[PDB]
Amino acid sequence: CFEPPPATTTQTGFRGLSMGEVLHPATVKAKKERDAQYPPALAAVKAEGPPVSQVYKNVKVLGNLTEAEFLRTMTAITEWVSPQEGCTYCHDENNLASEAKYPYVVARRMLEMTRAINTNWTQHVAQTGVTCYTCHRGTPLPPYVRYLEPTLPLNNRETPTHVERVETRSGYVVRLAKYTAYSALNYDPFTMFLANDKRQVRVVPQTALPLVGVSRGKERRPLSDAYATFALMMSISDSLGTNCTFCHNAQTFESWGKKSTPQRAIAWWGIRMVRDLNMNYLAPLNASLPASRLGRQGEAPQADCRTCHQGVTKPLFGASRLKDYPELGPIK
């Protein structure tokens, strides 16, 4: 039922406003240990010999690396994505230039996506960056992805209940609730807001009085947009293991300036980045995936805030490998 004291608390607004984090140490420790499994950087290698564009036969992304540099990458990729499966997950034992296994082609696009993240989305990932490990955590299927309908459990490494299974219709409300921090909000924030750029998150008017011409009847946004934004915010908070005051002074959710923390701006960039990733890198990959990876509408698994963050306000508590693997970005 309850969590024993003490609680760790932080301050994120002026004194007296009750803004800041409330954290259970046990829970933080369990997440710290889970995230400390991040494999350490492989030892640096001397840049020696010709570029692998001249040495190997089918190297389209990593072509400016030397042989030892490139094989160091391939070791790191195997550690991050398929340590249990090994190099043969993506490769033919007898022909390392064969694209015959689908993980090869996907991994190539993932290489491009990852460098895109570290080069074009520094407004969100800063100097910390991502690697394949950030999402994959040592398995080819990342533990936290989303379909065009809610699935349970959130961690696909756990085995679903009959009711949790997406085909059991009697369990839909619970599948939806657990994605919105157990609220009864009747909206799926992922397909509404993170799958594409079609919907506006902001719903609150920016004037005191209602403007004539947007304020009556069918000119009005339905109230459901406000439910939906709230649902997105429940989901976002739960995905970072935090509460609203991490980003907002609830005195005025819609105001910036002194009424928002810098984390709110970073979160804003995060919404745009996730949209780019899903629309332009992850959703097109239903062409290249087996039918057992796709959802009930032939969609590929896509990313939300939890995919990288897994319940922590900084993924892997700020761990970085950017300086150790320049080939993953940023790219000049």
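All residue numbers are counted from 1 along the displayed sequence.
The mean Cα B-factor in the deposited entry runs higher for 48-56 than for the other of 30-38 and 48-56. Averaged over Cα atoms, the B-factor as recorded in the entry is higher for 59-67 than for the other of 59-67 and 302-310. Annotation for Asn286: C-alpha temperature factor in the highest third relative to the rest of the modelled chain, per the entry. Residue-level temperature factors show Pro189 in the lowest third of its chain, judged at the C-alpha atom. Looking at the C-alpha B-factors along this chain, the one for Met113 belongs to the middle third. The PDB entry assigns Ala267 a C-alpha temperature factor belonging to the lowest third of its chain's modelled residues. Sorting the modelled residues of the chain by their CA temperature factor places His136 in the middle third.
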